[PDB]
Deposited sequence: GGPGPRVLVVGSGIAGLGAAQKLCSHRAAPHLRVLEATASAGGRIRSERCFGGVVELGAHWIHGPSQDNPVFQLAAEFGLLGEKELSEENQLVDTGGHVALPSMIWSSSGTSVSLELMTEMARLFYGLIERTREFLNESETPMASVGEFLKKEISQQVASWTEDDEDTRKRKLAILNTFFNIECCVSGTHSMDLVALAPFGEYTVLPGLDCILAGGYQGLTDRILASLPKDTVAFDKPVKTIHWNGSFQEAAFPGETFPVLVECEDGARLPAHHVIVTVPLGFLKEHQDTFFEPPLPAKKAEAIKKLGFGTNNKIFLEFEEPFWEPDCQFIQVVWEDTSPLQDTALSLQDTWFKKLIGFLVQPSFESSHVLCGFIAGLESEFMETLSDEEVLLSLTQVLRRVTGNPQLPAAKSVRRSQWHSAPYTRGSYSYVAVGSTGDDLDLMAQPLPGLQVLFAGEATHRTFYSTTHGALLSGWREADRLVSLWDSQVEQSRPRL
């Protein structure tokens, strides 16, 4: 059969390999993975006696049209609530940096203002951030009754919603997120849920369905040589259009290479990763699209200091405002970008996106644990709060084979750029899959899976056309 090489063993590469290998007239296929394990940005680990997810956490929109929801149900990875029709159809403590609780009514008021504005942006099919700020500023000019203290509290609360949105988009700033394309991203119905035993159970299940020795780990690709006529070392010295050159020196001829490497990797290395250089159209989509950093900081405590019914500890930074912030501006300290902490169902998980998140990665584990212990002592107004016992944090920007968390349609790029990312090279010598190749489900596990299946289907159609001719 034809020789296929899949670069990367995340859910896109695994989905492509599974669909191709399950074909009754299967090709000779190898998956080349840079790291020691499969799953890529789905990365579940044994930590603090439990399971922590360093990458993907939720099935976003766990309903009928979500293929990740469908697989997780087929595989027995979901609990009873997650499987329910009620769930498919669809608890915080808010702390100010002054060590006082924030009014629930005020929080609701600002959430309605902020998310109503988000809903408006999703209908314009410059930046999301600029639109929100212009509308918020207009509303501020109508806050006649409020004393300067109330207006200050309202802007501070709004700043945390902007930081939460930075986590959602995987951007440093909403001012970097293109306005017109924003609404193309599709939200499927359902109350987002976890896979209790680990999201990695999903990719381990797909991986195990592949023929033995399909995936080679610790086998990073250095350069894909395409548009050539390359002899294989053995008889009958057949010519192949592609030669995959591995970092370890391996010379692998192939008829088709499915590239599923992250956009951050392509941004750093597209100039050396492809020989000849990618066509300009594709090179420019790689450059123009966004690829931001979002990290998780897990903190273990000997005893919980939060209420047992508490699921998220939201932080509001006093005297902060989104109206002062610009696309490339930084917060006063890296930790002011942190939105708060999800209580693991005694573990907390802090979320932080952007340049402050990349800066966090440069700090030692010790600095992060100590700094966040002081932040927690500050925001809960408790100087005797015991320090966290342990820390485990993701470092997505630093990861040489990822270089960030996920794609977004940045100012300067459109949904057409996600289509350019998916466009194959001539003769289907090189195909592209991955979350940054899906126009409406980019930045998700389901987008990545669907893109893998799309490339498997494109190849099967070519092979079927060779038989007919």
- [ ] Give the ranges of the deposited sequence, numbered from 1, for which the structure holds no C-alpha coordinates, in sequence order.
- [x] 1 to 3, 94 to 101, 137 to 143, 364 to 368, 493 to 497
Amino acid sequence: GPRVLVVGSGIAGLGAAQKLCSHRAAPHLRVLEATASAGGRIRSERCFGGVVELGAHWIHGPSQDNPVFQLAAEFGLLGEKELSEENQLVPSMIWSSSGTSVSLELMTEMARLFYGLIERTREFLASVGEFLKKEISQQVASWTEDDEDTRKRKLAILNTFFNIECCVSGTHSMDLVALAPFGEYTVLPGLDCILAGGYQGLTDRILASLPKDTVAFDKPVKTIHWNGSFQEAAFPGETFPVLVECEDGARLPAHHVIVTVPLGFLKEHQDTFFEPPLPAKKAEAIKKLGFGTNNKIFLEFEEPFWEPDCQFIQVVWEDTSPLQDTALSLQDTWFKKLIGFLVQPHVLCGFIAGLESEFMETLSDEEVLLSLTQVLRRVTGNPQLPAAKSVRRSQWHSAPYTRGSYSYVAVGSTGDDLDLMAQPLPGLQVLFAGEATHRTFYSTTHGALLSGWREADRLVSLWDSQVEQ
From here on, numbers count along this sequence of modelled residues.
TODO: Please establish whether a third or more of the other compared PDB entries omit coordinates for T144.
DONE: yes
TODO: State whether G290, though modelled here, is left unmodelled in a third or more of the other entries compared.
DONE: no
TODO: Taking the mean of the C-alpha B-factors per stretch from the entry, tell me the winner out of 325 to 333 and 174 to 182.
DONE: 325 to 333
Open item on the list: Tell me which stretch has the larger mean Cα B-factor in this entry, 46 to 54 or 29 to 37.
Closed with: 46 to 54
Task: Out of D204, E300, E358, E318, residue topping the C-alpha B-factor column of the entry - done: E318
TODO: Could you say which of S394, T121, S398, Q270 has its CA atom at the highest B factor, as listed in the PDB entry?
DONE: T121
- [ ] Going by the recorded CA B-factors, say which third of the chain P189 sits in, lowest, middle or highest.
- [x] middle
Open item on the list: Split into thirds by Cα B-factor across the chain's modelled residues, where does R378 land: lowest, middle or highest?
Closed with: highest
Task: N294 - which third its CA temperature factor falls in, relative to the rest of the chain - done: lowest
TODO: Consider only the C-alpha atoms of the modelled residues in this chain, order them by B-factor as the entry records it, and name the third containing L20: lowest, middle or highest.
DONE: middle
- [ ] Sort the modelled residues of this chain by their C-alpha B factor and say whether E82 lands in the lowest, middle or highest third.
- [x] middle
